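Protein chains: 2
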Amino acid sequence: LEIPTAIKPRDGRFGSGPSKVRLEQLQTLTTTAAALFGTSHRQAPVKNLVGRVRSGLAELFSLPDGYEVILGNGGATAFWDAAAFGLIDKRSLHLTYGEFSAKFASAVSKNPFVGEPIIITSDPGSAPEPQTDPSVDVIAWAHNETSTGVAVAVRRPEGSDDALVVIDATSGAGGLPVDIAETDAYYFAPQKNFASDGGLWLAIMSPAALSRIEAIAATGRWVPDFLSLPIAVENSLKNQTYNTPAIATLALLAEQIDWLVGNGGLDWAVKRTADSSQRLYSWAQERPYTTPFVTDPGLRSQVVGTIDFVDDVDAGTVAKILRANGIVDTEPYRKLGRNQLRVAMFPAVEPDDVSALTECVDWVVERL
Amino acid sequence: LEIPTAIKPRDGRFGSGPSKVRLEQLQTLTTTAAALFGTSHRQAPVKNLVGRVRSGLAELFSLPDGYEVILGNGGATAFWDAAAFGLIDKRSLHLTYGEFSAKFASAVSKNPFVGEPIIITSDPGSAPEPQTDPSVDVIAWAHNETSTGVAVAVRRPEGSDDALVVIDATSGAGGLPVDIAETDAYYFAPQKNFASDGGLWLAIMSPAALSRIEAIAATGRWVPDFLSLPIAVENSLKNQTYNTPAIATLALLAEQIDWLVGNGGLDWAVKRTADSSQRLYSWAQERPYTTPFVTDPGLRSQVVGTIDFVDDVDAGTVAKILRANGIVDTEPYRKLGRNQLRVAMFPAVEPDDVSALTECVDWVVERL
Ligand SMILES: Cc1ncc(COP(=O)(O)O)c(C=O)c1O
Ligand SMILES: Cc1ncc(COP(=O)(O)O)c(C=O)c1O
């Protein structure tokens, strides 16, 4: 099946990380950023680039006093292990409702430097309510569960005074609203809403989280240096990382932050993803062969939309035909095992392209 | 001081990592690799890119049967912690003679999952001989010590049958000769001879090293998943990494590998760095205000040249003037504390630009 060009989106990338890298943003690598490549991360030109990223994120996320942008190599998966060693003192409570929220709880359960976590589960497509427990000093959940398309509210739970709020915003940060004052560690990686590459983690940390990192280091608890949050904080405060970061990753990230801030900031990004996701969900509701996987509209992610298909319409065949027509990465999370499409709607994704995608899906399904 | 343009090198980047990224190599990001950006690392287009990197390195390093290219996020610093958990069974022997060889031994000493390492030290600017011990199952040293400009032979020591040869080739791999059959783990990162970005580690592993990784995993020894060599092996064998890799790091690396292979492979790269380094060392010998830091010519690195300056010629002032004229990153290793310049001569660096640099240094020194 050859989809007519007239109905095709301008950009066919609907992947949930890595995701659409804007043409003008990628072009900065051979132009405005060409002179930064291959230069020292211990010298002013690359340190100023890290500085642009940190102050840019501080502006975009309206950071309260004493909050800091901390960064290091590895991506969000490395941050899970760094946080298990460095942020959790004795015990944590985790909400699990998909791949990424479950994987952080599983990393904490296996880590022999911290206690057995309390795990509150819910079926995929749903989420438990943010909650606390008197025996925990960390409470963790994902702002956006990328495998299921579920977005959860980011609020400091009642009676959680003695616990840090540790939020995996890998696919949520930059596309969803957030009051950073409600968090202690709001972490992410650049390949989703920030339209950059993986291999770097970023974490917005509160004064309580920074003090906690210092207090845990002061106990003498061992941590491999690569996963050390005290070393990552020491370096981040001076526009550096512990080891050599990727200049391309920082250059693409800084360009996306500038673009988001220049468009009106987080409020603009949230309006944009609301617009894209409204097009996707309204279409999924209208068509008799589709339905949103997430039944609670309050949990339906603005940035990652999981659309279930009925028995007689094979979503896998639809995804294959779309891919053969250059409309890529609509395949559901590889481990979920559902007759579903997963569509990313991060701010780089044009809302009109989400509309064009739905028309392409209708066109293909009518010819199956 | 304004250095006349006629004597300036075409490219002023002499940094030892990050290092000179060729422009035509950087331009593939906006052309032949542009469509790869923002696409899934779990789908064929990015998996084929990893495939190109693995096959390319297999060709460049003339890999014997059963040797495999393993990769993961983090850079070489992450590989030290991954190797301490995953390659060392009971005890290791380390050679230390600068920043990077010492830091790996220090990471192993602090790791509470393995024994206390045997450490064989030498003064900076020198190196101990590769040697073994009956109580160790791993012997480790750096092919190239980036902090002192010392290159060491890579050979399997006599009577080391029960020990894996674990070589930190971060600044050596692709610019220095090597017989891979003499190694069990030959690891590096892409920001030096491979003219790409940091944040990714690569390791050429022997069948004995791969079997060792499996045997250590089979004991049930815990390892944080991000630093897991069994998981990195499982993913690498199917052109993947454990978590999201940077597409730009892979795309720049594959272009450099292709450029090196097309030029005549490792033999061509070694001739090129021999040519560049001959220009630097002969000039350092000729001038009465300079001398190579490394007194043993057999240990003088072809890729990283440390040139000491006499008391009355301030190398720091020279470095500052060069930097103000766009000739950057000649500053010595930040912790060495010597009146010295450090010049990288990786294959992307044109030998004529090393000659031009020496003329620029003469010009500046004559006007101090
Ligand atoms: C020899 C050597 N080993 C290890 C490293 C650490 O590399 P990375 O910053 O990629 O972790 C470096 C960095 O310069 C190095 O030159
Ligand atoms: C919510 C979430 N958490 C964590 C991760 C891990 O990210 P990375 O590959 O950067 O380690 C991902 C990856 O898709 C994710 O979406």
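If you read the protein sequences in the order shown, they are chains A and B.
To convert, note that position 172 of the first sequence is 180 in UniProt numbering; the numbers rise steadily by one, no gaps.
To convert, note that position 260 of the second sequence is 268 in UniProt numbering; the numbers rise steadily by one, no gaps.
For each residue, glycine too, the CB sits at the ideal point set by N, CA and C.
Own chain residues within Cβ distance below 7 Å of residue i, not counting five before or after
i: residue 6 of chain B; result: For chain B, the structure presents residues 9 to 376; residue 6 of chain B sits outside this window and is missing.
i: B/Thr257; result: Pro198, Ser204, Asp205, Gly207, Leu208
i: A/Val54; result: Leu44, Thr47, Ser48, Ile255
i: B/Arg21; result: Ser27, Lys28, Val336, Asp337
i: B/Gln348; result: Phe301, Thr314, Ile315, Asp316, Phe317, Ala323, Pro340
i: B/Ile239; result: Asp233, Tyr250
i: B/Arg60; result: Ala262
i: B/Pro142; result: none
Delimiting residues of the alpha helix (DSSP H) encompassing residue i
i: A/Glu222; result: 215-225
i: A/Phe301; result: Run containing A/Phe301: none; DSSP gives neither H nor E here.
i: A/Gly270; result: 255-270
i: B/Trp149; result: From DSSP, B/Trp149 is part of no alpha helix (DSSP H) but of the beta strand (DSSP E) over 146-150.
i: B/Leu79; result: First-last for B/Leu79: 76-81, but that is the beta strand (DSSP E), not the alpha helix (DSSP H).
i: A/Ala193; result: It is not in any alpha helix (DSSP H) - A/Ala193 instead sits in the beta strand (DSSP E) that spans 193-196.
i: A/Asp283; result: 274-294
i: A/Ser244; result: 237-244
i: A/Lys118; result: 107-118
Classification of residue i by the beta-carbon crowding that lies within 10 angstroms, buried from 16 upward
i: A/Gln293; result: exposed
i: B/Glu32; result: exposed
i: A/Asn271; result: exposed
i: A/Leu172; result: buried
i: A/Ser70; result: exposed
i: A/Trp291; result: buried
i: B/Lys118; result: exposed
i: A/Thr104; result: buried
i: B/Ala91; result: buried
i: B/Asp320; result: exposed
i: A/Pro72; result: exposed
Start and end residues, beta strand (DSSP E) containing residue i
i: A/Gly59; result: Premise fails: A/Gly59 lies in the alpha helix (DSSP H), 52-68, not in any beta strand (DSSP E).
i: B/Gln348; result: 348-352
i: B/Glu32; result: Premise fails: B/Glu32 lies in the alpha helix (DSSP H), 31-34, not in any beta strand (DSSP E).
i: A/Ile315; result: 312-317
i: A/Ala356; result: Element bounds for A/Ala356: n/a, residue is neither H nor E.
i: A/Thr104; result: 100-104
i: B/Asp176; result: 172-176
i: A/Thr129; result: 126-129
Neighbourhood of residue i by C-beta distance below 8 Å, restricted to the same chain and skipping five residues each side
i: A/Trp267; result: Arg30, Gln33
i: A/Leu68; result: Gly182, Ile265, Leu268, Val269, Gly273, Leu274
Closest by C-alpha distance to residue i, when choosing among the options
i: B/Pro359; options: B/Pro72, B/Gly25, B/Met213, B/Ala277; result: B/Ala277
i: B/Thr298; options: B/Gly313, B/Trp230, B/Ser309, B/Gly306; result: B/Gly313
i: A/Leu330; options: A/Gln310, A/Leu103, A/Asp370, A/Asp316; result: A/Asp370
i: A/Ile315; options: A/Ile175, A/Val362, A/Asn81; result: A/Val362
i: B/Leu9; options: B/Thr178, B/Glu137, B/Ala332; result: B/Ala332
i: B/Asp304; options: B/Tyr194, B/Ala135, B/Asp170, B/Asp141; result: B/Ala135
i: B/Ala327; options: B/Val321, B/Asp19, B/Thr338; result: B/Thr338
i: A/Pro17; options: A/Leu365, A/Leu376, A/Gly106, A/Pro340; result: A/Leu365
i: A/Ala262; options: A/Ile335, A/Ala159, A/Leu376, A/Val58; result: A/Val58
i: A/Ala159; options: A/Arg342, A/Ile335, A/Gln310, A/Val372; result: A/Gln310
i: B/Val162; options: B/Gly345, B/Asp19, B/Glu190, B/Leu103; result: B/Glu190
i: A/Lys28; options: A/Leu376, A/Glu367, A/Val357; result: A/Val357
i: A/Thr156; options: A/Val61, A/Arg62, A/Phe108, A/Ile147; result: A/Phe108
i: A/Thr178; options: B/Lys200, B/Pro120, B/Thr252; result: B/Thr252
i: A/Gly324; options: A/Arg346, A/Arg62, A/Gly334; result: A/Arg346
i: B/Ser168; options: B/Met353, B/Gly25, B/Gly180, B/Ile147; result: B/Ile147
i: A/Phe354; options: A/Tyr341, A/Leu288, A/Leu376, A/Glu367; result: A/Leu288
i: B/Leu307; options: B/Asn56, B/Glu137, B/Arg280; result: B/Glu137
i: A/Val122; options: A/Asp176, A/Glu166, A/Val231, A/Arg50; result: A/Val231
i: B/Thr13; options: B/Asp89, B/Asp73, B/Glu367, B/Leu376; result: B/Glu367
i: A/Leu235; options: B/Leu101, B/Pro165, B/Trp88, B/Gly106; result: B/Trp88
i: B/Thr281; options: B/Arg50, B/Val241, B/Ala225, B/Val351; result: B/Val351
i: B/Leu210; options: B/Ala86, B/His102, B/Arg99; result: B/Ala86
i: A/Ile15; options: A/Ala84, A/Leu376, A/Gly334; result: A/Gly334
Residues near residue i in its chain [Cβ-Cβ closer than 6 Å; skip 5 each side]
i: B/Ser214; result: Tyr75, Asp192
i: B/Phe202; result: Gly182, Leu261, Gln264
Ligand 4 heavy atom lying under 8 Å from the CB of residue i
i: A/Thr299; result: Annotation note on ligand 4: not contained in the displayed structure, which lists ligand 1 and ligand 2 as its ligands.
| Is it true that the stretch 146-164 of chain A meets the stretch 172-188 of chain A, where meeting means three or more beta-carbon pairs spaced less than 8 Å apart? | yes
**Message:** Below 8 Å, how does it come out for the stretch 240-254 of chain B and the stretch 107-117 of chain B: are there three or more Cβ pairs, yes or no?
**Reply:** no
- prompt: Any contact of the stretch 91-102 of chain A with the stretch 208-228 of chain A, i.e. 3+ C-beta pairs under 8 Å?
  reply: yes
- Query: Contact between the stretch 117-131 of chain A and the stretch 69-85 of chain A: three or more CB pairs below 8 Å?
  - Reply: no
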